[PDB]
Amino acid sequence: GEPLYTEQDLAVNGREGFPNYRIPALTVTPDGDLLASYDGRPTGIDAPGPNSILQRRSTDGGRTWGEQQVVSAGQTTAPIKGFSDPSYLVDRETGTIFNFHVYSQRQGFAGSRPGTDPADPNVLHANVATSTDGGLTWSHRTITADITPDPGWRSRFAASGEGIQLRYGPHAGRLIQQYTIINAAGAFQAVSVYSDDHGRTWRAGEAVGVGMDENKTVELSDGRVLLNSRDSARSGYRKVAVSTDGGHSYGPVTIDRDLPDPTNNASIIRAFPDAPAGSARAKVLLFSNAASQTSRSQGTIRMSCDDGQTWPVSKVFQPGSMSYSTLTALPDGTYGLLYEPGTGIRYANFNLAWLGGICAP
């Protein structure tokens with residue numbers, strides 16, 4: 001077809017009320033609206049910065065965006081409070097939308113103490129905002145206690161981006177959002193937080209690996225769940241693991257040399273989310289990240305046609321500065337990409353023809 005690639009800034013540092021914007025999350029509502037979420041950062045810092053979770057909406061497929069609205073408002077005056085690092089998750093079965101994010105007071109990720117009391121200012125809490133009206137209004141919950149089965153887990157935060165809902169197997173319908181936790185020994189591990197009752201209750205699976213960080217999951221053509229993680233041990237590559245269950249546990253973690261990474265967030269999605277199990281279309285994956293091993297630059301999109309075994313196709317979308325990026329499949333068959341060019345947050349839209357591969361006809 002005719003390749004397509006366009007982009008436009010949704011937030012630029014210093015404009016619209018905040019000196020700094022970071023951390024993208026993107027999704028499509030059941031109605032077809034596009035939602036972009038990110039941090040508004042009064043002091044240009046991660047938690048415990050008194051950050052706010054912001055959102056912009058598009059009702060015309062991404063061409064035009066409405067005004068910036070506040071999902072969770074941070075508090076800059078004592079008692080200081082902050083909300084950061086959003087991740088959207090849409091229950092396609094019920095139409096409910098969730099926005100996961102940090103709730104900080106005195107401590108950030110590294111300084112969080114063990115404990116689960118929402119009133120304790122020394123712990124980094126896990127919050128979830130739920131909307132049943134397409135992202136218009138939100139109800140909030142601190143779920144730290146629900147997702148801390150091991151009293152030794154002293155800190156955690158949802159990986160910003162977008163979570164998933166399983167379509168196949170015995171756990172079809174399950175909502176999965178990835179988190180990074182710090183255990184008693186001080187190791188960074190990955191863990192899936194999930195719900196089998198459409199968001200009523202959330203629970204944690206078994207933690208995996210060491211030297212883990214922000215991580216994402218995708219459902220493969222056979223129902224297996226692939227975990228793709230930032231490596232806090234800085235190997236120069238992404239770490240991967242797979243789950244064959246529900247009541248999540250993953251196998252051993254290994255470095256994937258096909259995916260160079262400078263220790264930064266990335267996104268991995270199903271190109272055809274609705275394809276039947278085992279079909280050719282169900283094996284197609286798209287991955288976005290900074291391909292440079294020395295800096296956050298050279299943003300590229302890679303495509304796999306074999307459940308992530310090989311990535312034969314790749315194209316650079318941003319030769320320069322490029323930190324976090326998230327992908328979502330749009331209703332018109334194209335793909336949305338929210339990323340950080342260094343100036344705030346930018347939205348891009350591309351199609352498969354743009355990726356190229358063969359110089360046909």
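Hey, what number do you get for the chain at 222 nm if only DSSP H runs of n ≥ 4 count, each worth -39500 (n - 2.57), divided across all residues, to the nearest 500?
Working: 1 runs with 4 residues, N = 361.
Calculated mean residue ellipticity at 222 nm is 0 deg cm²/dmol.
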Where Rh is the Kirkwood radius over Cα pairs, Rg/Rh for the stretch 267-360: 0.97
Burial order of peptide ranges 339-351, 106-118 (average beta-carbon count within 10 Å, highest first): 339-351, 106-118
Spatially proximal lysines relative to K315 (Cα-Cα < 27 Å; intrachain offsets below 8 disregarded): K216, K239, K283
Within the stretch 1-94, trypsin sites (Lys or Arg not before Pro) in DSSP loop having at most 11 other beta-carbon neighbours inside 10 Å: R63
Debye equation applied to the C-alpha atoms of the stretch 245-300, log10 I(q)/I(0) at 0.17, 0.24, 0.29 Å⁻¹: -0.77, -1.00, -1.06
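For the stretch 176-223, what number results from the quotient of the Cα radius of gyration and 2.2 N^0.38 Å? Display every interim value, and only then the final one.
Values: Rg = 12.1 Å, N = 48, 2.2 N^0.38 = 9.6 Å.
Rounded to two decimals, the normalised Rg is 1.26.
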Under 14 Å from the Cα of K81 - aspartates and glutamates, other chains or at least 8 residues apart: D39, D46, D120
The stretch 1-127 pair-distance distribution - Cα-Cα, 10 Å bins, rounded %: 13, 38, 30, 15, 3, 1
Kirkwood-Stokes translational diffusion coefficient of the stretch 76-215, alpha-carbon pairs, 4 °C, 1.567 mPa s, µm²/s: 85 µm²/s
Calculated P(r) of the chain - Cα pairs past 33 Å, %: 21 percent
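Since every read-out is calculated from the coordinates, none of them should be taken as a lab result. Reconstructed Cβ throughout: ideal geometry from the backbone, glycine too, with neighbour counts over all protein chains shown.
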